[PDB]
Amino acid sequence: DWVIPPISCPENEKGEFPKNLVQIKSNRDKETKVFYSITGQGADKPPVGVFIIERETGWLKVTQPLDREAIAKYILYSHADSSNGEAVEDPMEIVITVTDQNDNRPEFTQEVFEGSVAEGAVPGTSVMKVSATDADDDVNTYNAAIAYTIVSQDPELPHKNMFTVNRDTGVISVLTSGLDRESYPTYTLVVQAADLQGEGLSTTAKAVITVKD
């Protein structure tokens, strides 16, 4: 069977269903009457009826909103028959790809991270790792592409930015010098994770840094 170039349908559609996607038909329909149908998971097997096809015209339709994060892709088969029951084409394998949107917010693996730095440590040294996940499509979009930032430091001393976060790795490093356990022994950072490479949906967690001797 040929495999159709994929038919895209974005997730979370609203309004009137069903909606037309694409017309799939046989160029033999002037030689004999052609009746169309589709089978497979999403047509006549679970989930039944998400897609339906017009029996005489071959208009493929979707009957409800989709969620890429539940099902990313459907495989079905179209069929062309004539009155006498002969198949007028081999089946075609129909591929339908659910096209992503940014409908998922990043999430930190924990609501509080804990680390230790040694007070005499060099601007460069690695303190700790923070971690988020996005459920969206990390292959075809930036909707799951996470920029880690530091939003705030407490206390703001000796300097405001004692610390640096690598925006891709979520690794927290020492930016700056004057780090003394006995002046200021614990810092509480508010860290942000935002998708769209930093520009999109965001969430915050806390990172608690204990200064050591």
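Counting begins at 1, following the sequence as shown.
*Asks:* Is the mean CA B factor in the deposited entry higher across 114 to 122 or across 83 to 91?
*Replies:* Averaged over C-alpha atoms, the B-factors run higher in 114 to 122.
*Asks:* If you average the CA temperature factors as listed in the entry, which stretch comes out higher, 203 to 211 or 3 to 11?
*Replies:* Taking the mean C-alpha B-factor of 3 to 11 and of 203 to 211, the larger value falls to 203 to 211.
*Asks:* Based on the PDB record, which member of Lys61, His159, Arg55, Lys33 exhibits the highest Cα temperature factor?
*Replies:* So the option with the highest C-alpha B-factor is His159.
*Asks:* I'd like to know which of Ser26, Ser37, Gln41, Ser183 has the highest C-alpha temperature factor in the PDB entry.
*Replies:* Within the set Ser26, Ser37, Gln41, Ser183, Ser183 shows the top C-alpha B-factor.
*Asks:* Ranking every modelled residue in this chain by its Cα temperature factor as given in the entry, which third contains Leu175?
*Replies:* Top third by C-alpha B-factor.
*Asks:* Could you say whether, by C-alpha temperature factor, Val50 belongs to the lowest, middle or highest third of its chain?
*Replies:* Its C-alpha B-factor belongs to the lowest third of this chain's values.
*Asks:* Hey, what third does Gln101 fall into on Cα B-factor, ranked over its chain?
*Replies:* Tercile = middle for this residue's CA B-factor.
*Asks:* Split the chain's modelled residues into thirds by Cα B-factor; is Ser78 in the lowest, middle or highest one?
*Replies:* Its C-alpha B-factor, which the entry lists for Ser78, ranks in the lowest third among residues of this chain.
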